[PDB]
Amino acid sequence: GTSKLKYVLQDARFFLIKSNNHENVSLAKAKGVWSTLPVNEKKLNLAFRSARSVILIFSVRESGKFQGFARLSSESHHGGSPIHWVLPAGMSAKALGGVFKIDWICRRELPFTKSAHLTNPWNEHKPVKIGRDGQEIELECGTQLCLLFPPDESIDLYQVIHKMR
């Protein structure tokens, strides 16, 4: 069903993540971690303290799809297992040095063709697929986008809920 999912998303904040490659999203799905550039890292840390849930919605560039969504379980932390990210041209490992822990809510894909009716007020009412890495998605648009994803029957939101309050 969708009731625990709606509960997790209630009063959540949503951010679009644009990965330049599939490799890093696969790593994030396997290891439960994400890193972003310093400008976005600061925004996510602020959001983590402000809301009951912060949701990252992932899209690999040129894939025409979202690859899933996850909830931040921590602020960014440096000084751990150095993650073997595939680095785009012009990006350091120190730039991706902040590592957020994430709990996946849905690891299934959603094609952009299925979200064409959703626009994001925080990005000039452009279709929600459009946005730079880190673009915040307004609550109602983000909730509806997350609810469009196919259910992921492999995930039990019980332990995710157990970390909220």
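Residues carry their position along the shown sequence, with the first being 1.
Participant: 66-74 versus 37-45: which one carries the higher mean Cα B factor per the record?
Facilitator: Going by the record's values, the stretch with the higher mean is 37-45.
Participant: Which is higher in the entry, the mean Cα B factor of 139-147 or that of 153-161?
Facilitator: Per the PDB record, 153-161.
Participant: Which of these, 115, 50, 120, 59, has its C-alpha atom at the highest B-factor, as the entry lists it?
Facilitator: Among 115, 50, 120, 59, the PDB entry lists the largest C-alpha B-factor for 50.
Participant: Based on what the PDB entry reports, which of 111, 127, 134, 98 has the top C-alpha B-factor?
Facilitator: The record points to 98.
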